[PDB]
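J.: Chains as they are written, first to last, in full-length UniProt numbering: chain A, 1 to 76, 106 to 121, 123 to 130, 136 to 146, 148 to 185, 205 to 218; chain B, 1 to 88, 92 to 133, 138 to 193, 203 to 223; chain C, 1 to 196, 201 to 223; chain D, 1 to 196, 201 to 223; chain E, 1 to 86, 92 to 130, 139 to 148, 150 to 189, 191 to 193, 203 to 223; chain F, 1 to 73, 90 to 99, 101 to 102, 105 to 124, 126 to 147, 149 to 151, 153 to 181, 183 to 185, 209 to 218; chain G, 62 to 78, 80 to 83, 103 to 109, 120 to 122, 140 to 144, 155 to 156, 161 to 166, 168 to 177; chain H, 15 to 16, 18 to 20, 22 to 27, 50 to 56, 58 to 60. Mind having a look at this structure? Questions to follow.
Written as structure tokens, this is what we have:
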């Protein structure tokens, strides 16, 4: 669980993406992608150029939490595996379709044994939780569209969870 | 100036590339390079995995100093190459250089926007055999300000800077040399020139 | 900023363009271009002849202010274009061919002083209305949407003289004209008139020019 | 006469051509051409950048003198050329290909002062010998015949400064070399060597440059 | 400014082009053309025969004055022509406004050269033009100095050149055949009427 | 008999043909031809520009005399090419209409000062010493012009032979 | 056979060295005849390592 | 324990503490 903090810092200091790109000589698209926790790799040069410009040590740019989450699906259930440190691996479910520019199916988990999992999710900070929420949805949405298969409308459609 | 400070941590811990490779499912080949500070891009999954396995925080997996050094090489160098047919593996048998002088422009940007500027001049000295071309700066008294800035850095950053500048110097010399030398069939002469490297020795960059 | 004070000198001394063009042996077209500041490169011989004929040292021929403004426009703007079918073919009129709903983009200005320090101001521009200068030509009129936070730019601009401010005002408008026209031409294709010397919509929209009225930038 | 004083300023301030080119974002070739006076047309942006970077007004960037010299070469000279045979092919030594017996031409100099009145001085030049200063490149030497009846021209030239005098000398020699090389190449055809990178006689003679050495036109 | 004085001499003597053409054996057309000061070249042979026949010195034959007038016409004129679709030139084309600048460069006996500038505007219809600024009085003071004959020659030169600039512009801008319109305008002339060049 | 005194004026004032041509904007060849009394027709513009430049009235430019004269008729070496042995009817029409008539009648010898120029000396047989008094009164320039004209015309007639470069001399 | 409450994980290096016309790292958490607490029936796992080297 | 019994690393005796059955 790791995330950038560029989005916030930029909001706090009042600077807009446009100036940041011109001053640090980095393409707008890459800088925009790096601020939403989308890119998978962060070029070292980018970290040094930004840290120098925003006058911040790399302590602020990166936010880390040792707790990790593992998700597993079959080819036929969201098998989350809270994996805290000390190799204290744990296991936690069943979700079923409930109801249906933005088409969104609201699948809903329906199961008094999630009390430990809910406590674990509550501990994560706002940004990491938002990353976790985006990650769980992205994974399921990728898998769900496979069942439906010109314009590939299903690809644009995503899934949703609630609990 | 940013480095990854992986090797240091691993040594004090007492582990080895081999163990970590499996303990955290990271290709042995990649985990090797990322330890020599010589990989352009680092992924996030690596950061979290390594930070957790060694119970550390990102703050100590990175070292950052505001000063940045940029190196622009000369476009018109004064060089004489004397094709020697006798002898050709030796390199000295294939070609020797009477002279080779070019100008290095170094720009040092401090924390404050202030952009101090320094100028350097380099000259061919001799050919040692570890072969390795050796180049030495001419003026180190009119340009001592650069030396003060280089020493203010830590050991790792200085080592990285030295690795970078030496590689860049090797690039200009090897590329310029390959253009005015006739290739001879054997590991051809051109291939031997490419593998060759050059080192700059001075008080300003002692290590 | 630098300019050729040829026009002011010619106006003051009372000479006309033809008399000078014939006497110093420089071609009229080139001389009348150098009267304005459209020309990019000037020849040494022209400077020598014009300085000798008018009894002036090169100090009075050039006026230089150390300040230097830079202009860069937003790469990804917001534009809304509605196709209008009101019989453009019969009469070549801008309003008939199309209408503009909303046009928003960012203009970043980077005032650089004589000192090595560099300031930074931002400007937001919006479309207001199209106007009729001649019954054959029109000029779109935009307006800056933030003047309470950019009083500095007004303070620095007013430090210039009349000619250099005229030169700057021409530069910003000319750059705005090309950028706005390029977006419209890329978005909408061309239509030719029914009765032809025939002029298409692309050429007509390329010839037209924009303007950026604002309390800060005038004259 | 007018010249750009970039070289003297760069020498005085201690800066070097490489540093200036990187700082003002101008290609080194153009800047080193502008260091001399070979360039004919210069850009406004170059003037602004170089004046801003060096903290100088344009009054110091240009030096101007109202005087103006115009040289018109004769259209009918007397050329005496012998096609000496000495195996030029073995070694490209110009003197082997040919020798000059007697080359005489008339140079008409008009000196236009700041006042509308103008004077007129006439000069006669003759061939003498070949300097052979460099084994690869030889320079022809010509001397002004009448110096006693043209003393007035010397008085006027000495009123100019060092740089403008240098510029004047560069012009008379460059034009004299073009007039001579053109005449010589018109008289004799070309011969090429078998063993090269091969250079013909035409190309070698065009490369060869002359020089007019006399007290009036010193330095 | 140089003119031949043959026409004045023949009238005072009492002869006529017809008589001389036979006495000096010179073609009648050539002799009568050389009599109107409008031939570009005079042959050496002609001077000796005529000088001997009239018992006159060459100095009497030629009249010379140092002042030289050079006229340069504008290259960008304000021409506005109203086309009429109903030969009489007044029916083909009618001129609204035709304004251009004439630059005059009087060269005195001394090397010093004075400069005067004149503006010319269309008045009515021989397309008669007139000069806007007559005060530019320095040019007039000099025209008066020229003798009676030389002044007439200068007036003829300006009138012919004016026709050149005008006719060309009009014919090169307006289209017709019924001696067509084009063959009429080129023949049409023009005259600059004002006190400065009064004849 | 009419000639222009440009050459004498240029020699007297010290000016050279090169400078005069540039100042008066007249081609060098035309001015050179005019300065040696060769061209047949001349322009008014040249007369005015030259007179103003030299500050001279046309009186000095032209020299005229009413007396007129009328005439009526193995190797590349010219001498070896051909190989044994005409009368000239001259008049002296005076200004008073007192026309007079003179008769002069063969090849005497050939003299070539140089290989480049061959001259045939057609000395006159002296068939009227009164003609000679008339030629004497003339000035130097007009007499030289008369010599040049008669030599040119008679040489042209003799080059009968058809070689062209060679010129015939009628001397006495 | 005998239920074993212990299983072993062995992994050699992927880059061994020596030839003429051999030191490697075995991963088990602990770390020509090549030399260097957990019934003798099963112990005879030893058999698997034998085939591993050759 | 069902897909859930992954921990076996197979697309038991020491895993569920059961030759036994």
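Positions of the beta carbon are idealized from the N, C-alpha and C atoms, including for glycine.
Between the Cα of residue 154(D) and those of 111(D), 183(D), 100(D), 187(D), spot the shortest distance and give me the residue it belongs to.
T.: Taking the first residue of the fourth chain as 1, we reach residue 154(D) at position 154. Minimum Cα distance to residue 154(D) is reached at 111(D).
J.: State the beta-bridge partners of residue 62(D) as determined by DSSP.
T.: Taking the first residue of the fourth chain as 1, we reach residue 62(D) at position 62. Looking at the DSSP assignment, residue 62(D) forms a beta bridge with 4(D).
J.: Taking residue 140(G) as the reference, which of 80(G), 156(G), 168(G), 166(G) has the closest Cα?
T.: Taking the first residue of the seventh chain as 1, we reach residue 140(G) at position 32. Checking every option, the nearest Cα to that of residue 140(G) belongs to 80(G).
J.: Is residue 63(D) near residue 164(D), with beta carbons less than 8 Å apart?
T.: The residue labelled residue 63(D) in the question sits at position 63 within the fourth chain. The residue labelled residue 164(D) in the question sits at position 164 within the fourth chain. Closer than 8 Å, so yes.
J.: Quick check on residue 107(E): does DSSP put it in helix, strand or coil?
T.: Start at 1 with the first residue of the fifth chain, and residue 107(E) comes out as number 102. It is a strand residue.
J.: Which chain B residues are close to residue 108(G), counting only those with a beta carbon under 8 Å from its beta carbon?
T.: For the purposes of this step, residue 108(G) is identified with residue 27 of the seventh chain, where counting begins at 1. Chain B residues near residue 108(G): 18, 19, 22.
J.: Measuring alpha carbon to alpha carbon, tell me which residue in 38(E), 145(E), 185(E) is nearest residue 97(E).
T.: If you number the fifth chain from 1, residue 97(E) lands on position 92. Nearest option by C-alpha distance: 185(E).
J.: For residue 28(A), return the contacting residues in chain C, with the cut-off set at a CB-CB distance below 7 Å.
T.: The residue labelled residue 28(A) in the question sits at position 28 within the first chain. Near residue 28(A) (Cβ distances below 7 Å), the residues of chain C are 75.
J.: Quick check on DSSP: helix, strand or coil for residue 150(D)?
T.: Taking the first residue of the fourth chain as position 1, residue 150(D) is located at position 150. Helix, per DSSP.
J.: What's the C-alpha gap between residue 41(E) and residue 30(E)?
T.: Against the fifth chain, residue 41(E) aligns to sequence position 41. Against the fifth chain, residue 30(E) aligns to sequence position 30. Taking the straight line from one Cα to the other gives about 11 Å.
J.: Going by the CB atoms, is the gap between residue 177(E) and residue 217(E) shorter than 8 Å?
T.: Taking the fifth chain and counting its residues from 1, the one referred to as residue 217(E) is at position 193. Taking the fifth chain and counting its residues from 1, the one referred to as residue 177(E) is at position 163. Contact: no.
J.: I'd like to know whether the C-beta of residue 120(E) is nearer than 8 Å to at least one C-beta of chain C.
T.: Residue 120(E) sits at position 115 when you count from the first residue of the fifth chain. Yes, residue 120(E) counts as interfacial toward chain C.
J.: Which class does residue 52(F) belong to by DSSP, given the choice of helix, strand or coil?
T.: For the purposes of this step, residue 52(F) is identified with residue 52 of the sixth chain, where counting begins at 1. Helix at residue 52(F).
J.: Mind listing the chain C neighbours of residue 40(D)? Cutoff is C-beta to C-beta under 9 Å, in chain order.
T.: Position 40 of the fourth chain, counted from the first residue, corresponds to residue 40(D). Residues of chain C passing the Cβ test: 43, 44, 45.
J.: If you check the beta carbons only, do residue 126(B) and residue 145(B) fall under 8 Å apart?
T.: Within the second chain, the letter at position 123 stands for residue 126(B). Within the second chain, the letter at position 138 stands for residue 145(B). Result yes, Cβ atoms of residue 126(B) and residue 145(B) sit closer than 8 Å.
J.: Taking DSSP as the reference, what is the three-state secondary structure of residue 68(C)?
T.: On the third chain, residue 68(C) is found 68 positions in, with the first residue counted as 1. Residue 68(C) falls in the strand class under three-state DSSP.
J.: Take residue 6(C) as the anchor and find which of 23(C), 25(C), 32(C) has the nearest alpha-carbon.
T.: As a position in the third chain, residue 6(C) is number 6, starting the count at 1. Measuring from the Cα of residue 6(C), the nearest candidate turns out to be 32(C).
J.: Using only the alpha-carbon positions, how far apart do residue 187(C) and residue 92(C) sit?
T.: Stepping through the third chain from its first residue, residue 187(C) is reached at position 187. Stepping through the third chain from its first residue, residue 92(C) is reached at position 92. Going from the Cα of residue 187(C) to the Cα of residue 92(C) covers about 19 Å.
J.: Beta-carbon within less than 8 Å of residue 57(E)'s beta-carbon, same chain only, minus the 5 sequence neighbours each way: which residues are those?
T.: Start at 1 with the first residue of the fifth chain, and residue 57(E) comes out as number 57. Here the set comprises 51.
J.: Determine the chain D residues that contact residue 72(B) at a beta-carbon separation under 7 Å, and present them in chain order.
T.: Within the second chain, residue 72(B) is the residue found at index 72, counting from 1. Per Cβ cutoff of 7 Å: 22.
J.: Of all the options 193(B), 220(B), 222(B), 181(B), which has the alpha carbon lying nearest to the alpha carbon of residue 209(B)?
T.: By 1-based counting over the second chain, the position of residue 209(B) is 193. Considering only alpha carbons, the answer is 181(B).
J.: Taking all protein chains shown into account, do 16 or more other C-beta atoms lie within 10 angstroms of the C-beta of residue 119(B), making it buried, or fewer, making it exposed?
T.: Translated into positions along the second chain, residue 119(B) becomes position 116. Flag for residue 119(B) reads exposed.
J.: Where does residue 201(D) sit, in a helix, a strand or coil, going by DSSP?
T.: The residue given as residue 201(D) occupies position 197 in the fourth chain. DSSP places residue 201(D) in coil when its eight states are reduced to three.
J.: Tell me where the beta strand (DSSP E) around residue 124(D) begins and ends.
T.: Taking the fourth chain and counting its residues from 1, the one referred to as residue 124(D) is at position 124. Here the beta strand (DSSP E) through residue 124(D) covers 121–130.
J.: Check whether the Cβ atoms of residue 67(A) and residue 2(B) lie closer than 8 Å to each other.
T.: Counted from its first residue, the first chain places residue 67(A) at position 67. Counted from its first residue, the second chain places residue 2(B) at position 2. Not a contact, by the Cβ cut-off of 8 Å.
J.: Run down chain B in chain order and give the residues with a C-beta less than 9 Å from the C-beta of residue 69(A).
T.: Counting from one through the first chain, the residue named residue 69(A) turns up at place 69. Those within 9 Å of residue 69(A) in chain B number zero; the least Cβ separation is about 11 Å.
J.: With a threshold of 16 other CB atoms inside 10 Å of the CB of residue 168(G), please say whether the residue is buried or exposed.
T.: For the purposes of this step, residue 168(G) is taken as the residue at position 45 of the seventh chain. Per the 10 Å Cβ criterion, exposed.
J.: Taking DSSP's pairing of strands, which residues face residue 216(B) in a bridge?
T.: The sequence position of residue 216(B) within the second chain is 200, counting from 1. Answer by DSSP bridge pairing, in chain order: 142(B).
J.: Suppose the cutoff is 8 Å on Cβ atoms and the five residues either side in sequence are ignored; what does the same chain contact list for residue 20(B) look like?
T.: Start at 1 with the first residue of the second chain, and residue 20(B) comes out as number 20. Excluding residues within five positions, the ones whose Cβ falls inside 8 Å are 10, 26, 31, 50, 53.
J.: Quick one: what's got a C-beta closer than 7 Å to residue 203(C)'s C-beta in the same chain, skipping five residues either side?
T.: Within the third chain, numbered from 1, the residue matching residue 203(C) stands at position 199. Excluding sequence neighbours, residue 203(C) sits near 92, 193.
J.: Judging by CA-CA distance, which residue of 138(D), 166(D), 116(D), 123(D) is the nearest neighbour of residue 129(D)?
T.: Counting from one through the fourth chain, the residue named residue 129(D) turns up at place 129. Considering only alpha carbons, the answer is 138(D).
J.: Comparing C-alpha positions only, which one of 44(F), 4(F), 45(F), 124(F) sits nearest to residue 71(F)?
T.: Stepping through the sixth chain from its first residue, residue 71(F) is reached at position 71. Checking every option, the nearest Cα to that of residue 71(F) belongs to 124(F).
J.: Would you mind stating whether residue 105(E) and residue 74(E) have Cβ atoms separated by less than 8 Å?
T.: Taking the fifth chain and counting its residues from 1, one reaches residue 105(E) at position 100. Taking the fifth chain and counting its residues from 1, one reaches residue 74(E) at position 74. Taking 8 Å as the Cβ cut-off, residue 105(E) and residue 74(E) qualify as a contacting pair.
J.: Give the straight-line distance between the Cα atoms of residue 114(B) and residue 219(B), rounded to the nearest whole angstrom.
T.: Sequence index remark: in the second chain, residue 114(B) carries index 111 (1-based). Sequence index remark: in the second chain, residue 219(B) carries index 203 (1-based). Approximately 24 Å, taken between the alpha carbons.
J.: Find the nearest neighbour of residue 55(E) within the set 38(E), 179(E), 13(E), judged by alpha-carbon distance.
T.: Here residue 55(E) corresponds to residue number 55 of the fifth chain, with the count starting at 1. Ranking 38(E), 179(E), 13(E) by Cα distance to residue 55(E) puts 13(E) first.
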